[PDB]
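Let's start with one chain on its own, the form deposited in one PDB entry, as structure tokens.
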């Protein structure tokens, strides 16, 4: 899927890389390095690209986008970007920690269009309201929201509570190897927590270890499989056939940390609602505190509602 947006009546494109559809009167932004946000973005990209410093490093390393075009913006600062070559108009952009994955940010856009807050992918935490850029009384005219888990019937625990569910599960199997199905990026802090909790080395891929060292996490990761019982694998590897394959070597439990209602054939495959996306209740509190004039879903194909009673008149 493609979860990028061309914001109408603005010079803004976020996680949206189709040259034909975007046009030439746009500035391009990248919230984070998940593949559904970099569709069409590769080493051939030849336009200015604005992102976080961590995203900037990952972008050049793994997609080979030239450093000529990569524009790393410091988080928490107001950046003034030119919209033309004659110093006629500018746009002010402020990056805010999205609490989603390494490098993930929210964008605060200010310009002729007004004020727009673009969350990208984010997990709401109350500290986001205490952001200096959001405590200036500025009216947010449009709030683009991560509506991934925007289902009122879907109750999700906090990441800490979900991490506890994972810990409890692993505790029941002290003799088992543990397969954690992940994307190439994200939930590294979960791995670090599991490493310390069970005093084990967490086996990664050479790519992940390279990433972890950038984050400056604890020295608890390695590429040698014989070193630990907790293994970070690609989520696609977790299925019935691979469970039988893995059990030939050692008793194995597989864990899928996701808010998606994935069902498994194998009894030893566990799907636990550990999510990097805000829950419905967290979304409600986020919007209620900001009170924007309008709320627009980033994930168009997915449901998004229940925010009329939290909007602002202006």
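Numbering follows the first chain given and starts at 1. Heads up, when I say rigid core I mean the largest set of C-alphas that superpose within 1.5 Å between the two forms.
Omitted from view is the form deposited in another entry, to which the following refers.
Peer 1: Align on the rigid core first; then say whether the Cα of residue 283 has moved by at least 2 Å between the shown form and the other one.
Peer 2: For residue 283, whose C-alpha is compared between the shown form and the other one after core superposition, the shift is 2 Å or more.
Peer 1: Can a Cα shift of no less than 2 Å be assigned to residue 78 between the shown form and the other one, given superposition on the rigid core?
Peer 2: Not so; residue 78 is displaced by less than 2 Å.
Peer 1: Does residue 156 shift between the shown form and the other one by 2 angstroms or more at the C-alpha, the core having been superposed?
Peer 2: True for residue 156: a C-alpha shift of 2 Å or more.
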